[PDB]
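> Let me see the structure of the following:
(chains A, B, C, D, E, F and G)
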Amino acid sequence: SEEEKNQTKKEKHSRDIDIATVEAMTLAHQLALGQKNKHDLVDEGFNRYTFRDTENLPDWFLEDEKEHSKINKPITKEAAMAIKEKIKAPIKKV
Amino acid sequence: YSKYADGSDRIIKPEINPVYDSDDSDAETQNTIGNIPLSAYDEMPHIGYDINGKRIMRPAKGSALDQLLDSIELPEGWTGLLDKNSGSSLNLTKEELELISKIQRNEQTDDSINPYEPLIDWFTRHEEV
Amino acid sequence: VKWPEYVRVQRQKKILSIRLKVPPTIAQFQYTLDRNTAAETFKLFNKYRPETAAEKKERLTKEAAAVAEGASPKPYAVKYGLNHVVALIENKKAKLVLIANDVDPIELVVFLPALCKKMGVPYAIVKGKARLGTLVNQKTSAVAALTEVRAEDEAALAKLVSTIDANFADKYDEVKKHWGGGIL
Amino acid sequence: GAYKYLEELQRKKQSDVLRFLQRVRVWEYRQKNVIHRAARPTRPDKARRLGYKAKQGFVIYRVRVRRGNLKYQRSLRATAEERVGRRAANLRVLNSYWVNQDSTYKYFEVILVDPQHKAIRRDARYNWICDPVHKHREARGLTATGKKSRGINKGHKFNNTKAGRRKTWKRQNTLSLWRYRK
Amino acid sequence: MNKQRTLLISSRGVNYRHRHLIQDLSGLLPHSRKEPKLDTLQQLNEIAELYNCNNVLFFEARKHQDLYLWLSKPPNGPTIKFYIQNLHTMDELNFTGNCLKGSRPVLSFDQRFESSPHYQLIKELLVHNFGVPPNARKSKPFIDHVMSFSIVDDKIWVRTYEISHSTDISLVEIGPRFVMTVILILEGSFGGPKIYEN
Amino acid sequence: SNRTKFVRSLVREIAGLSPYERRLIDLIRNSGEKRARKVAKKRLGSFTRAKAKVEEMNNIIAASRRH
RNA sequence: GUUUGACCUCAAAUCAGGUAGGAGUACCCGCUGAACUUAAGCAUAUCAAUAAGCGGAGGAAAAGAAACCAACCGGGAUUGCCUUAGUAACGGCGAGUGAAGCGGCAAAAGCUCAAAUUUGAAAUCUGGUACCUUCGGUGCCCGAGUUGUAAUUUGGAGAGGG
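Numbers count the residues shown, from 1 in each chain, chains lettered A, B, ... in the order given. Dropping the coordinates below:
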């Protein structure tokens, strides 16, 4: 049953990497088309929040950092549409 | 190097080859179509014409069962938008998703670099007189 | 259970600083002059306490009284002013510099040890800004420096400088590495 | 002096030392109230170059203001100055400077001078603020941030707001009629 | 075989008409790179090097009436200054154009281009600067528009026309049209001795 | 002024390198100046500012392993 | 020293000494901010950067001694009036909107900090007390300040010396 356990490891990783935010969806859209390749994202992946250890810090401090360490960047309607469809889950309701 | 027409020396730098770097805001187009809606070509069995003008036959001749399976359980790489080179969804690779997730929650992006390099005091080595 | 908000805030700050990784420019302190050499420095500095307001006032009144009826060199004293200390530093006039490790604004003192080592002026980190304050007739100064000294204490000052160089400057030069705050 | 070194260091806000300092202070202030007095300024050089003095009568206050805007047309710096002047009614606001910022809020430090204190009144270099004409300078946008937002400057770029948009609009939109018509 | 790249740079003061002209030129040329601004002159060569670009086009303007253009090979090639006076933007409704963006252009040069060494030099510069490489990254296979160049009264006239067919071909004017003079020629890229002056 | 330059160098050494500066020096070490300049003129707006930053990073790298 | 105090932060007094609300509002400084009306009915547009509403001052307010205007034989704080000029210029380039340089005149005043060690002496000052030639001055006392209070100076430069 070694392979069975290995499959669950990838499933857990995938669930923790799937796009679930509007900003993430916009980044994925820009990566798909030739607007911003991997190098462009890597260059842009350096901001005020980089180089911040979080494994040792207390949970009550990370939670404060979690909800106060975000950047509001220009979102796109096309990307916002994709996340709405992804979140999508009837005769009785009709 | 040789001089200019009037008593001015000039270094003849080698002619620069107009090649494209791995990241120069230009991707492997391969389709020659711009930012036009993909509504066209739906009835035709091809998607535009690539460089030099030959038909790009549509390879996304999938089955109904495959489409339904990919509709309920969306692929991990699913991104919605279609690819310019074919009607199949431009699904992103897991490596790209990993980088996207790292960027989206303030993780390290340029790996293999130590975030805690010692402060090499280059200036303190010297001493004033 | 509940405690005062400020007490909880300061305890959280302490347990965060103990657990937060800091660049080597920070945590350059916490490697400080030992108790022995610190006590020796205090003893040496205890003989050069700056004249307090009362002492200066009484001396001036006594001098005026003698003058009313009808030469000594500059009194050597410790220099503590941050602006004056940083002015003696970068000019090579400073011989011994003491740095407090518990300054509230860390940025005010982060560069001082680096500048002192760059200028080749002996420097030492001592725990407690109050201790510097207690010997300067002030609550705290965060810094202390020495200038021209009496011939009797010249040998003591030289020995203290040599001891500081052997103990703290040379031993803790490795402080550049080992990012502080890595305790589990 | 150390003021030059502090000024040079502060410019490198992205530096690791200042990065950690800001990462700590953002939580330290967030744990505190929105507005609270500060015992000493976290940026002594900036306050000193802004006219602040350590003598009695000067107070340093810390304030928090939300970010964002379906639109707004005033700087967060001016809003913070107004919100701190609306509490210390007996204090005169001179200027303020940035000390830290957050994704959801921005933090600014404002120096306050009390005209009632005799030391300020007896000081010829600061007694000028005791005049009632300077009352609630922040509320009228007379501070550095207020003047910058108002556009008070010189040159063609500020003709419409060289001496106040409302004042110039009123002056120019008037049908002057002299006794002897021109 | 042929491979070339072009760099587009505009100084402060480019009016909306000149900006539209530059934008449509960047659309007609698929091997073109655009930059935000320029302030001061030799720095332009470095910008082309940063992109490995073999050509650079600079739209100088002393005042916001008279457009000026510089065409040169950044590395060590000569530069020519053009005092463009007439200018028609791509946003004119009088011309109907369905030209494919970045398609192969067809040049048309009269005999005056071969009448002098500098005329030949400018002809070659236009040929390789405006001639999209056959294997350009953003080029298109089919041919749909052509470029016409004619020089009379010592100044070169620029025209562009789209091609059309019927059920044996016809063409209709498209794109911008303007007149360019020859002001100054330099041996080197934005430097060196002044070889030619009108 | 020599004193001003000394103070600026001391601040730069003590302050360190910002994450964008860190990436700039990393690209200089592991790559050429082309990518470094392209990133500098993408974070910074003016070209001369990017050139000055690149020159400063090059000087820092040169002085890091020397003396 | 299984102790004591230094500090730093934070509280309380019907504590000693103080200040703030509010009213008025023609003018001043900001915030907020529509519509009726008008043009090819009204998409941009005019009404409007207005009324209403909100906050802050005085007898005036604001601004004011250039990161200014110009391209010349240069002007030389700000404000106000005439001209500039119904001009430059905007304007689904349709209605309409609309300056600014300079020139003529009422008035003129320029300045103060940061950043330099007083280092042969924090030389500074809030407050309590006893007096007096009481819008304040002297002695004494406590405290604030060295994370900077005294003196000089800042593009007209300036500073240490002979």
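> which parts of chain F sit against chain A?
Within chain F, the positions near chain A by Cβ under 8 Å from any Cβ of the partner chain are F:19, F:20, F:22, F:23, F:39, F:42. Bear in mind the C-beta positions are built from the backbone N, C-alpha and C, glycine included.
> residues in contact with the second one?
The one in question is residue F:20. A:46, D:14, F:39, F:43 (Cβ atoms under 8 Å, 6 or more residues apart in numbering or on different chains).
> what do you get for the last one?
With contacts defined as Cβ under 8 Å, 6+ apart, residue F:42 is in contact with residue A:43.
> Ok, the third one next?
For residue F:22, the contacting residues are A:46, B:113, taking Cβ under 8 Å, 6+ apart as the criterion.
> if we can go back for a sec, farthest pair within the residues of chain F next to chain A?
F:22 and F:42 (15.7 Å; Cβ to Cβ).
> so where does the residue positioned nearest the centre of chain F fall, helix or strand?
With distances taken as Cα atoms, centre = their mean, chain F has residue F:57 as the residue nearest its mean C-alpha position (2.2 Å). Counting by DSSP states H and E, the element that carries residue F:57 is helix F:47-64.
> Can you name the residue of chain C nearest chain A?
Chain A sits closest to residue C:21 of chain C, with a gap of 4.8 Å, by Cβ to the nearest Cβ.
> Tell me where the chain has helices.
Picked chain A for this. Per DSSP state H, chain A carries helices over the ranges A:2-15, A:22-32, A:38-44, A:59-66, A:77-87.
> Chain C was what I was after
Counting by DSSP H, the helices of chain C are C:5-17, C:35-46, C:53-69, C:82-88, C:107-118, C:129-134, C:151-164.
> and the most centrally placed residue in chain B, what does it touch?
Residue closest to the average C-alpha location in chain B (Cα atoms, centre = their mean): residue B:27, at 5.4 Å. By Cβ under 8 Å, 6+ apart, the residues touching residue B:27 are A:34, A:37.
> got the phi/psi numbers for it?
phi -100, psi 180 (degrees, to the nearest 10).
> Please tell me how far it sits from chain F.
Residue B:27 sits at a distance of 16 Å from chain F (criterion: Cβ to the nearest Cβ, to the nearest Å).
> any idea how far chain D is from that residue?
As for residue B:27, its distance to chain D is 31 Å (criterion: Cβ to the nearest Cβ).
> now do residue E:123
Counting by Cβ to the nearest Cβ, the gap from residue E:123 to chain D is 45 Å.
> out of everything not next to it in sequence, what's closest to that residue?
Closest residue in space to residue E:123, ignoring its immediate chain neighbours: residue E:113 at 4.0 Å, by Cβ to Cβ, 6 or more residues apart in numbering or on different chains.
> The residue of chain E found nearest chain D: what's it in contact with?
Here chain E gets closest to chain D at one residue, residue E:12, 14.5 Å apart by Cβ to the nearest Cβ. For residue E:12, the contact set (Cβ under 8 Å, 6+ apart) comprises E:37, E:38, E:39.
> wait, isn't the first one in contact with residue E:11?
Yes. Residue E:37 is in contact with residue E:11 according to Cβ atoms under 8 Å; the separation is 6.8 Å.
> Can you report how many residues neighbour residue 9?
Assuming you mean chain A. 9 (other Cβ atoms under 10 Å in any protein chain shown).
> could you do chain E instead?
22.
> cool, and residue E:165?
Neighbours around residue E:165, by other Cβ under 10 Å: 7.
> tell me the contacts of the residue of chain E most remote from its centre?
Largest separation from the mean C-alpha position in chain E: residue E:167, at 34.6 Å (Cα atoms, centre = their mean). By Cβ under 8 Å, 6+ apart, no residues touch residue E:167.
> cool, and residue B:21?
Counting by Cβ under 8 Å, 6+ apart, residue B:21 has contacts E:52, F:34, F:35.
> on that earlier part again, now the residue farthest from the centre of chain E: how far from chain C?
From residue E:167 to chain C the distance is 76 Å (Cβ to the nearest Cβ).
> just the strands in chain D please.
Secondary structure of chain D (DSSP state E): strands at D:35-38, D:58-66, D:92-101, D:105-113.
> Could I get the ones you listed in JSON lines, plus columns for distance to chain C?
Below are those laid out as JSON lines (distance: least, Cβ to the nearest Cβ, whole Å):
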{"stretch": "strand D:35-38", "distance to chain C": "11"}
{"stretch": "strand D:58-66", "distance to chain C": "12"}
{"stretch": "strand D:92-101", "distance to chain C": "11"}
{"stretch": "strand D:105-113", "distance to chain C": "12"}
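> Of all the ones you listed, which one comes closest to chain B?
strand D:92-101 (16.2 Å).
> Now that closest one: buried residues?
D:92, D:93, D:94, D:95, D:96, D:97, D:99, D:100, D:101 (16 or more other Cβ atoms under 10 Å in any protein chain shown).
> residues contacting whichever residue of chain E sits closest to chain B?
For chain E and chain B, the shortest gap (Cβ to the nearest Cβ) falls at residue E:141, measuring 3.4 Å. Residues in contact with residue E:141 (Cβ under 8 Å, 6+ apart) are B:32, B:49, B:50, B:51, B:52, B:53, E:103, E:104.
> Pull out the buried residues from stretch D:158-167.
Those buried within stretch D:158-167 under the rule 16+ other Cβ under 10 Å are D:161, D:162.
> likewise stretch E:28-39?
For stretch E:28-39, the neighbour count (16+ other Cβ under 10 Å) marks E:28, E:29, E:30, E:31, E:32, E:33, E:35, E:38 as buried.
> Just send those residues back as JSON lines, with distance to residue C:77 and secondary structure too.
Formatted as JSON lines, the buried residues of stretch E:28-39 follow (distance: Cβ to Cβ, whole Å; DSSP: H, G, I helix; E, B strand; the rest coil):
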{"residue": "E:28", "distance to residue C:77": "80", "secondary structure": "helix"}
{"residue": "E:29", "distance to residue C:77": "77", "secondary structure": "coil"}
{"residue": "E:30", "distance to residue C:77": "78", "secondary structure": "coil"}
{"residue": "E:31", "distance to residue C:77": "75", "secondary structure": "coil"}
{"residue": "E:32", "distance to residue C:77": "73", "secondary structure": "strand"}
{"residue": "E:33", "distance to residue C:77": "68", "secondary structure": "strand"}
{"residue": "E:35", "distance to residue C:77": "63", "secondary structure": "coil"}
{"residue": "E:38", "distance to residue C:77": "61", "secondary structure": "coil"}
